[PDB]
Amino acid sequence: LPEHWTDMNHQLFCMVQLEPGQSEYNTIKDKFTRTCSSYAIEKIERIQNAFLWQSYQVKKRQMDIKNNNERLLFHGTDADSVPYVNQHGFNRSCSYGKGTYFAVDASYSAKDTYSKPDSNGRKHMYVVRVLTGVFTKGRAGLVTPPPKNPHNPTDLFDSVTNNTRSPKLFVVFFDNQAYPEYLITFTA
């Protein structure tokens, strides 16, 4: 488990609210305001999920071995999906393909369509480690990433993007490819 995590008293999951003014809080704030300077951050929480982390890191080492595979991306969701995501992560079962979507810019996940405001006006987006690895442009109807070689349909790309030259979003089609690291609660 990461050293910068706080003690979880032999628990496997906990949300650790960050302290403003500290490097950790500010680093995340900086990546958000970089494109969302008009929004007001209410709080930032470090998601400490021992189980999700384990599966993700296993996935990461497999990808490093099989091929710079990790990207820090954004994911805005409604309030109701937050509890599930904290515990279980991102599910494709819940358009450049039918997987989970993650934005390069926080501005993109800030849209009400994504970070849908709750009755109190709060919006939610995750700061996510995503295993984008080797990618290709996507297309609707993808249920899995395309094969690197059409004549070896089992060697797959790790993710897809909207535009390979200037990626603004990535899509992953498997469970343990995204780790929600922080949850940003913010308002207008």
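Counting begins at 1, following the sequence as shown.
*Asks:* Counting only residues of the deposited sequence, how many between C94 and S95 have no atoms in the entry (none, 1 to 3, 4 to 9, 10 or more)?
*Replies:* 4 to 9 residues lack coordinates between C94 and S95.
*Asks:* Does the deposited sequence hold unmodelled residues between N67 and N68, and if so, how many: none, 1 to 3, 4 to 9, or 10 or more?
*Replies:* The entry leaves 1 to 3 residues without coordinates here.
*Asks:* May I ask you to compare 82-90 and 108-116 by their mean CA B factor in the entry and name the higher one?
*Replies:* It is 108-116 that shows the higher mean C-alpha B-factor.
*Asks:* Output the stretch having the higher mean C-alpha B factor in the entry; the candidates are 48-56 and 154-162.
*Replies:* 154-162 has the higher mean C-alpha B-factor.
*Asks:* If you check the C-alpha B-factor for each of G133, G138, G141, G121 in the entry, which is highest?
*Replies:* Largest recorded C-alpha B-factor: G121.
*Asks:* Out of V16, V171, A178, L12, which shows the largest CA B-factor listed in the entry?
*Replies:* Highest C-alpha B-factor among the listed options: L12.
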